[PDB]
Amino acid sequence: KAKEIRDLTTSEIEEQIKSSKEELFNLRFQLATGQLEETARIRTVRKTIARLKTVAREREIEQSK
RNA sequence: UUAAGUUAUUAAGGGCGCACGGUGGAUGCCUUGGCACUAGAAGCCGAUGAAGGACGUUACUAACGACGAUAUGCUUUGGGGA
């Protein structure tokens, strides 16, 4: 998942960020209830958010020059 | 049976020796770190916010490292081949 991101509009980038955060908050918020058995899934999510914001920032630069 | 004479047996415990352990950690051997130096480079960092630090970040997480709310790491460019 590196150039799935490059296929975006610079506006869809925001929405998948938000929805990924709600996905996450669902998991974090279940997590102390113990409903969750999945452990390593969260890393994938948080890393995705890192990617989306990274690329958004890079294009933020190259839309500045 | 008598008088006289002599004399050892005892080891509660101790000493000498001999053995078997226990204690505690020297010596022997080794190095996971260091001392002193040669050749060569480099000899600065910072208001475009340092050096140094606080608080946090892991699936469960107390500490060191690593990192900083994009958080136990992100993208790219090369290298490498489970």
# chains A, B, ... in the order shown; residues from 1 in each chain; ligands from 1
$ residues_around --residues "range 52-66 of chain B" --least-positions-apart "4" --cutoff "7 Å" --atoms "only C-alpha atoms (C1' of nucleotides)" --output "list in words"
residues 39 and 40 of chain A; 71 and 72 of chain B
$ interface_residues --of "chain B" --to "chain A" --cutoff "9 Å" --atoms "only C-alpha atoms (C1' of nucleotides)" --output "PyMOL selection string"
chain B and resi 59+70+73-75
$ write_last_selection --atoms "N, CA, C and O atoms (P, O5', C5', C4', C3', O3' and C1' of nucleotides)" --output "PDB file, in the first residue's frame"
ATOM      1  P     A B  59       1.504  -2.725  19.103  1.00  0.00           P
ATOM      2  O5'   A B  59       0.758  -3.641  20.157  1.00  0.00           O
ATOM      3  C5'   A B  59      -0.650  -3.693  20.165  1.00  0.00           C
ATOM      4  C4'   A B  59      -1.169  -4.603  21.242  1.00  0.00           C
ATOM      5  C3'   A B  59      -0.475  -4.534  22.588  1.00  0.00           C
ATOM      6  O3'   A B  59      -0.868  -3.434  23.383  1.00  0.00           O
ATOM      7  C1'   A B  59      -0.719  -6.772  21.975  1.00  0.00           C
ATOM      8  P     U B  70      -0.132  13.475  14.456  1.00  0.00           P
ATOM      9  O5'   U B  70       0.468  12.329  13.537  1.00  0.00           O
ATOM     10  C5'   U B  70       0.070  10.984  13.746  1.00  0.00           C
ATOM     11  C4'   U B  70       0.732  10.037  12.784  1.00  0.00           C
ATOM     12  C3'   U B  70       2.080   9.477  13.221  1.00  0.00           C
ATOM     13  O3'   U B  70       2.183   8.121  12.825  1.00  0.00           O
ATOM     14  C1'   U B  70       2.317  10.568  11.153  1.00  0.00           C
ATOM     15  P     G B  73       8.962  -0.481  15.212  1.00  0.00           P
ATOM     16  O5'   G B  73       9.732   0.802  14.670  1.00  0.00           O
ATOM     17  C5'   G B  73       9.576   1.235  13.329  1.00  0.00           C
ATOM     18  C4'   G B  73       8.586   2.369  13.234  1.00  0.00           C
ATOM     19  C3'   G B  73       8.390   2.992  11.865  1.00  0.00           C
ATOM     20  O3'   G B  73       7.567   2.231  10.997  1.00  0.00           O
ATOM     21  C1'   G B  73       8.606   4.698  13.467  1.00  0.00           C
ATOM     22  P     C B  74       7.747   2.349   9.402  1.00  0.00           P
ATOM     23  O5'   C B  74       7.324   3.848   9.052  1.00  0.00           O
ATOM     24  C5'   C B  74       5.958   4.224   8.978  1.00  0.00           C
ATOM     25  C4'   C B  74       5.710   5.299   7.951  1.00  0.00           C
ATOM     26  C3'   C B  74       6.368   5.099   6.602  1.00  0.00           C
ATOM     27  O3'   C B  74       5.693   4.174   5.774  1.00  0.00           O
ATOM     28  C1'   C B  74       6.748   7.295   7.306  1.00  0.00           C
ATOM     29  P     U B  75       6.485   3.436   4.587  1.00  0.00           P
ATOM     30  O5'   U B  75       6.834   4.614   3.581  1.00  0.00           O
ATOM     31  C5'   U B  75       5.785   5.273   2.903  1.00  0.00           C
ATOM     32  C4'   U B  75       6.281   6.331   1.952  1.00  0.00           C
ATOM     33  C3'   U B  75       7.324   5.896   0.944  1.00  0.00           C
ATOM     34  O3'   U B  75       6.790   5.190  -0.159  1.00  0.00           O
ATOM     35  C1'   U B  75       7.990   7.929   1.908  1.00  0.00           C
TER      36        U B  75
END
$ select_by_dssp --residues "chain A" --states "helix (DSSP H, G or I)" --output "PyMOL selection string"
chain A and resi 12-31+41-62
$ decode --residues "range 22-68 of chain B" --atoms "C-alpha atoms (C1' of nucleotides)" --output "PDB file, in the first residue's frame"
ATOM      1  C1'   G B  22      30.319 -26.608  55.808  1.00  0.00           C
ATOM      2  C1'   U B  23      31.611 -21.609  55.609  1.00  0.00           C
ATOM      3  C1'   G B  24      33.342 -17.800  52.880  1.00  0.00           C
ATOM      4  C1'   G B  25      35.777 -16.539  48.058  1.00  0.00           C
ATOM      5  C1'   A B  26      41.985 -16.078  46.937  1.00  0.00           C
ATOM      6  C1'   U B  27      44.747 -18.316  43.255  1.00  0.00           C
ATOM      7  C1'   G B  28      44.573 -20.422  37.957  1.00  0.00           C
ATOM      8  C1'   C B  29      42.374 -19.680  33.168  1.00  0.00           C
ATOM      9  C1'   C B  30      39.321 -16.503  30.023  1.00  0.00           C
ATOM     10  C1'   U B  31      36.973 -11.569  28.265  1.00  0.00           C
ATOM     11  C1'   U B  32      31.550  -8.646  27.712  1.00  0.00           C
ATOM     12  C1'   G B  33      35.437  -3.119  28.828  1.00  0.00           C
ATOM     13  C1'   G B  34      39.390   0.110  28.914  1.00  0.00           C
ATOM     14  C1'   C B  35      44.772   2.830  28.989  1.00  0.00           C
ATOM     15  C1'   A B  36      48.552   4.811  25.823  1.00  0.00           C
ATOM     16  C1'   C B  37      49.567   5.668  20.566  1.00  0.00           C
ATOM     17  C1'   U B  38      50.653   5.992  14.462  1.00  0.00           C
ATOM     18  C1'   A B  39      48.486   7.442   9.444  1.00  0.00           C
ATOM     19  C1'   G B  40      44.135  10.082   7.497  1.00  0.00           C
ATOM     20  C1'   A B  41      39.746  12.990   7.634  1.00  0.00           C
ATOM     21  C1'   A B  42      36.914  16.395  10.468  1.00  0.00           C
ATOM     22  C1'   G B  43      37.296  20.512  14.219  1.00  0.00           C
ATOM     23  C1'   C B  44      31.714  23.426  15.380  1.00  0.00           C
ATOM     24  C1'   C B  45      25.873  23.775  16.660  1.00  0.00           C
ATOM     25  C1'   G B  46      21.830  27.722  17.063  1.00  0.00           C
ATOM     26  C1'   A B  47      15.832  32.383  16.571  1.00  0.00           C
ATOM     27  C1'   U B  48      14.390  28.190   9.374  1.00  0.00           C
ATOM     28  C1'   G B  49      14.842  27.281  17.377  1.00  0.00           C
ATOM     29  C1'   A B  50      20.300  23.787  19.102  1.00  0.00           C
ATOM     30  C1'   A B  51      23.354  21.129  23.166  1.00  0.00           C
ATOM     31  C1'   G B  52      20.797  18.913  27.231  1.00  0.00           C
ATOM     32  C1'   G B  53      16.410  17.202  29.378  1.00  0.00           C
ATOM     33  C1'   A B  54      10.657  16.340  31.147  1.00  0.00           C
ATOM     34  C1'   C B  55       6.109  13.505  29.535  1.00  0.00           C
ATOM     35  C1'   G B  56       4.698   9.894  26.312  1.00  0.00           C
ATOM     36  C1'   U B  57       4.691   5.806  22.026  1.00  0.00           C
ATOM     37  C1'   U B  58       4.844  -1.338  21.951  1.00  0.00           C
ATOM     38  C1'   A B  59      -0.719  -6.772  21.975  1.00  0.00           C
ATOM     39  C1'   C B  60       0.031  -7.794  27.004  1.00  0.00           C
ATOM     40  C1'   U B  61       5.266  -3.577  29.348  1.00  0.00           C
ATOM     41  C1'   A B  62       8.535  -1.781  35.124  1.00  0.00           C
ATOM     42  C1'   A B  63      13.753  -0.329  32.944  1.00  0.00           C
ATOM     43  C1'   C B  64      17.895   0.787  28.712  1.00  0.00           C
ATOM     44  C1'   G B  65      17.990   1.696  23.594  1.00  0.00           C
ATOM     45  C1'   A B  66      14.875   3.779  19.495  1.00  0.00           C
ATOM     46  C1'   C B  67      11.268   7.099  18.243  1.00  0.00           C
ATOM     47  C1'   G B  68       8.096  11.775  18.949  1.00  0.00           C
TER      48        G B  68
END
